[PDB]
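Quick setup: the structure tokens below cover two forms of a single protein chain, split into structure 1 and structure 2.
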Structure 1
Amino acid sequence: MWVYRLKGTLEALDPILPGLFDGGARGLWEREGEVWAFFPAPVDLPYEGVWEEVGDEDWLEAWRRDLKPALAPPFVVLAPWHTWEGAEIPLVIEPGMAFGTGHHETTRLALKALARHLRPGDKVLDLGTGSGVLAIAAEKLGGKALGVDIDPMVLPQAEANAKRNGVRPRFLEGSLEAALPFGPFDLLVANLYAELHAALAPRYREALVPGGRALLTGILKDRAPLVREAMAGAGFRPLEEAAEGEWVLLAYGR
């Protein structure tokens, strides 16, 4: 393939773009200060851009090569094409269009916290389930999971991921309110932002049986005081805190 590089943005170069397509352009890419127009071959053009030959790289094999298993003991989060030879519990998650591939600190902190607190047979609420990864991990640990999300687009993705893992959590559209008729739960895990945890703290109390656990992450280190304050006001007892990079997980007893 060849690229024709032009100075400017797509909005800024709008008027000349149909001429690039008429000339055989296969797609345009806005980069920093430039538009990159891709062609099978170069053509005589009136626009004063620059032609470069870019070869034909296997971008798919490159993507697979550079995506590695994500370790979160006792779990390992694997893409469908990955092999694994350790004693870790595998979680197969298709990297796709739902947050929760396993390639974030917060998802990993939550997986480790599930291992520490989940008793076999207990009911688990995964609030903000995304890819379904936490609900699926809960099932792998012998828990009975309900994954809920306000974003309806993620739920078919979570279902597909559960099938890849041979487990059967229940998935629902909605938030905490929608989950309440299915509880109370023994364990709540929620990877969400600090201000939402703070608002939800009284409702988290309602969602859990006495002796239950709330495992909260998605919290930037500097926003942790807000969540500690909220969970104190709502009657929770503090358990451990854990960190990875700028992110924290805060565990609470009901």
Structure 2
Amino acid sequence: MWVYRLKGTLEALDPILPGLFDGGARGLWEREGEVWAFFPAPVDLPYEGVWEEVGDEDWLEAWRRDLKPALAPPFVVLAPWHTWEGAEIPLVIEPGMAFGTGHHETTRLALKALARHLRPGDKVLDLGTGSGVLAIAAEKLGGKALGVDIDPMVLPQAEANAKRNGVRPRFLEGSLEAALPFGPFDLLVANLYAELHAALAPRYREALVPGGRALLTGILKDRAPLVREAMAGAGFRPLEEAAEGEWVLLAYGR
């Protein structure tokens, strides 16, 4: 579809609005000193506005502007342009393509679990760091973190996010093995999925010091047994369960 931009407020343009509608306008929005009128394709109008086709880009900018802070006590996840009067801990994440915006339930379960199981001074491994939000949160709690991901594309955004938050976790491409050289760790947090955790259970144990913690999420309610089963079999002890919707987080001690 096309947009027809016009300078002025709705109040101001009220006089020609009926005309826009007669011209076939199906949508209308006031966007920062401007009024956008949406049509299927351009039509001839006397208002001296400017036509422009709408695309995926515009559809994000619009979404971006409708974004609101997300709570995850004791944290609040904010867009780089968000304001927060509250007391919760600020986590600035550029709404991007890398997972970790703070809008998914799993991310939220992870943040809350981290605050409970992480202590000032702990070494942390954020397996599948994505946006790097969990690693960033670990540094905010007073921990030293390493975020890894098999997807290279996310690391610059993670690094950029860390920067916005004024903390500097270590980020690197790879999985659990790429990380071992930096271990063992006091805590490991991983937002993946039930089946993969199941296969990794054994390595999770080797990644942690005795008494270390493993926070697993990305788990659907109906796939938790796989994890309970794999973890126990891996010598871990159950410590906490949490869910939001169909998603759950399982915390284990080693």
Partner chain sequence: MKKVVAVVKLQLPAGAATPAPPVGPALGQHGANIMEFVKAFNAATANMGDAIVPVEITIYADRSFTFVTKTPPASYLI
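Shifts are known only where both forms have a C-alpha. All residue numbers here refer to structure 1's sequence, counted from 1. For the two forms, the rigid core is made up of the largest set of C-alpha atoms that agree within 1.5 Å on superposition.
- Comparing the two isolated chains, structure 1 is the one taken from the form solved in complex with its partner chain; structure 2 is not.
- Residue 24 is among the residues whose C-alpha shifts by 2 Å or more between structure 1 and structure 2 once the rigid core is aligned.
- Residue 55 shows a C-alpha shift of 2 Å or greater between structure 1 and structure 2 [criterion: core-superposed Cα displacement of 2 Å].
- A two-part rigid motion is described between structure 1 and structure 2, in which the smaller part turns by 169 degrees against the larger.
- After superposition on the rigid core, a single segment of 3 or more consecutive residues displaced by 2 Å or more at every C-alpha between structure 1 and structure 2 is found, at 1-66.
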